[PDB]
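See structure below.
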Ligand SMILES: Nc1nc2ccccc2nc1N1CCCC1
């Protein structure tokens, strides 16, 4: 009863890359890069493809850092989001009709213009912790309840 999704954060020692969606899913918020996984495609392969297609970057090594399940009250399908980190990229991010990438110093993460769950798990990602999480939403701006715990293996 869930659909697989990937989310990739390009995290360097002093900055992180986010992209502003110009429309569709996530318009007007800063997002990591990702999307649905294809049939016959592993999750790690889906994440590499999604990062490259949406940001224009080429990634060597991806590290699995978390798994987050999203429930939207009333919607049957859960979103099972597999979160990845990387610091080994080649290229320059590309702005397209769909996405506007920007680098953010770690102290200037725009949490007020991101999703409400990001304020909870993003700090774990930034200090190299792995996590498993669950968030129940009503709409897109209200967390009804949640769980989030640090783990040794994702
Ligand atoms: N992190 C996200 N939180 C959301 C909360 C409510 C509604 C939608 C959301 N989308 C998110 N992300 C976009 C790509 C994966 C994570």
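Heads up, chain A uses Swiss-Prot numbers, so what you see runs 3-156.
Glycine is no exception: its Cβ is also placed from the backbone N, Cα and C atoms.
Swiss-Prot tags one of the stretches 15-36, 37-58 as motif 'Nudix box', and that stretch is 37-58. Per Swiss-Prot, 2-oxo-dATP is bound by 33, 35, 36, 37, 38, 117, 118, 119, 120; the candidate from 8, 88, 94, 144 named for the same site is 8. When Swiss-Prot records 36, 56 as binding Mg(2+) 1, the matching candidate from 100, 152 it lists for that site is 100. By the rule that a residue counts when its Cβ sits under 6 Å from some atom of ligand 1, the binding-site residues 8, 33, 36, 117, 119 yield 33, 36, 117, 119.
Around residue 118 (8-oxo-dGMP binding site), the same-chain residues at least 6 positions away in sequence with a Cβ under 8 Å from its Cβ are 143, 144, 145. DSSP assigns residue 120 (8-oxo-dGMP binding site) to a helical segment in the three-state reduction. Helix, strand and coil residue tallies for the domain 'Nudix hydrolase' (3-132), in that order: 28 helix, 55 strand, 47 coil [DSSP].
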